[PDB]
Structures are given as C-alpha cells and as structure tokens.
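Quick notes on the structure that follows.
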Amino acid sequence: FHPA
Amino acid sequence: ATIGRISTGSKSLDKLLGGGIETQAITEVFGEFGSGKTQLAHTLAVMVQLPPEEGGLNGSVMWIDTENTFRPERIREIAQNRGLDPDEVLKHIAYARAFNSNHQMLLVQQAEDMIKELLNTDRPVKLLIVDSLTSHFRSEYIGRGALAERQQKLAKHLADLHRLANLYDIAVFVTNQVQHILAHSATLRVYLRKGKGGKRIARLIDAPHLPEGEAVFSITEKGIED
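Listed in order, the protein sequences are those of chains E and D. For the first sequence, position 1 (counting from the first letter as 1) is numbered -18 according to the working numbering, and the numbering increases by one without interruption. Start counting at 1 in the second sequence, then tack on 2, and there's your number in the working numbering.
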C-alpha cells in the first residue's frame, strides 16, 4: 500500500 | 464497540441504509458495467474522512484495486467541491493493486499492518474498499469444477474481510459486476442500476428489516447527490  | 455509519451524500441512499454504510459490516454493491459502483467507492473514500457531525468518521482509507479503475483525479474533484484539501484527502487513502486473486487474498493480511498502526491515531482506518471483489476470481476459476472451488475461495476471502471489519471497527465496501443462484456472504447487498436520464437507482436485496423502497441519485462533482 502507498498514499494515493 | 458501537457501530459507526458513513454518509454517502445521497439523502435517499442514506435513509435506505438506515443512516449510512455500517462499520463492522461488509456492504456489497452489485450491478452491470457502468451502473456507478466505482463512483460510489470514490465518493465514500472522501465522505469517511469528514468529521462525525458531518456524516463521516474522521477516518483513513485502504483501497484494493483489481481493474485499474481508481482515479486520483476523481478523488480530487470530490474533495475540492466539498470544501476539503484534495492533497490531504489523497494522503489518507492507502492504495494497492492486486495482480490476481491470490495476491488479492494476501493483501487483506497486508492491510492489517497499517490498520494496527493507525488504530490509535486521530484518523484510524474506517473504510476498506475492494473494487472489484470478484473480477479476478471470475477470470481464474472457470469451467467444470470451478463453481465449488471459486465459492470456497471467495468464502475464505470474505471471512478474512469480515474479521477486519469486526475486529477493528471498519466499514468494508466491495463491488461485483453482474450481467444468479450463487451464495453470498456479504452483510448487506445493494443492487445498483443506471436508469432513464442517467439517474442511478439502488435497491436492497434480502433485507427485510430495512426501509422498503429505492434510493435515486445523480453522479455529480460532489460525488453523488439526490
């Protein structure tokens, strides 16, 4: 997961 | 923990749902291509970040994408038109692409790490989106013998998601494309369709205790509105  | 309720921005859809999307629940939206399922997911990813008196849960978001349909541009538009800083709203959405159904299943275990981390911050995870829940499973488990096997795998995937929803007080929101006798283990199922004038119409399936009727809304720059 990574920031959008 | 008492459950929370995330407003959708649609008055009729909120009323149909008993106030909004529930935490400690899996809500499945299903319907044909173009019915607006991913529009509803983008909308909720912003609404949940609002403070509680405005219908959100002051929450963070995790998003598992299987069709490359997540659009930061759409998040930006919705945030802007609701008085929010688009870059801050985007920062609180944690995003991963699932390569196949097995990776999709593992990503639920991966998500638990960030959920634990943020649990006691001012913005704990309050929404987990899987869009599409079923597309990889449909592609991979197909032909004679596939019905039983796919249903078993999906049952396990949905149990893992129920556990996160229930253990960490999260609303899980999932999408399913339908062109009809298979079992489903979502908490609540919402049938969505595109009708005349491009209005979108929502109906609860097999939900006796919730208000009879249909919600009707438009897709707008604010997400959805009646």
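Just so you know, even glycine gets a beta-carbon here, dropped at the ideal spot from N, CA and C.
Discussion item. Is there a Cβ of chain E sitting closer than 7 Å to that of D:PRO213, yes or no?
Written reply: no
Worksheet item: Would you report the Cα separation of D:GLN82 and D:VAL63, rounded to the nearest angstrom?
Response: 18 Å
Practice prompt. Within the same chain, show all residues whose beta-carbon is closer than 6 Å to that of D:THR68, passing over the 5 residues directly before and after it, in chain order.
Written response: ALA100, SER134, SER137 and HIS138
Practice prompt. Check whether the Cβ atoms of D:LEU52 and D:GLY6 sit closer than 7 Å, and answer yes or no.
Written response: no
Worksheet item: Between D:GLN181 and D:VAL48, what straight-line distance do the alpha-carbon atoms span, to the nearest angstrom?
Response: 29 Å
Worksheet entry | C-alpha distance - D:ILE183 paired with D:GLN106, whole-angstrom precision | Whole-angstrom Cα-Cα distance: 24 Å.
Discussion item. At the level of alpha carbons, what is the spacing between D:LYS128 and D:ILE172?
Written reply: Distance between the alpha carbons of D:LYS128 and D:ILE172: 5 Å.
Worksheet item: Taking the C-alpha atoms as reference points, what is the distance between D:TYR97 and D:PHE72?
Response: 9 Å
Worksheet item: Can you tell which of D:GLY225, D:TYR143, D:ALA148 and D:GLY57 has the C-alpha that lies nearest to the C-alpha of D:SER9?
Response: D:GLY57
Practice prompt. Check whether the Cβ of D:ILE131 lies closer than 7 Å to any Cβ atom in chain E.
Written response: With a threshold of 7 Å between beta carbons, D:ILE131 makes no contact with chain E.
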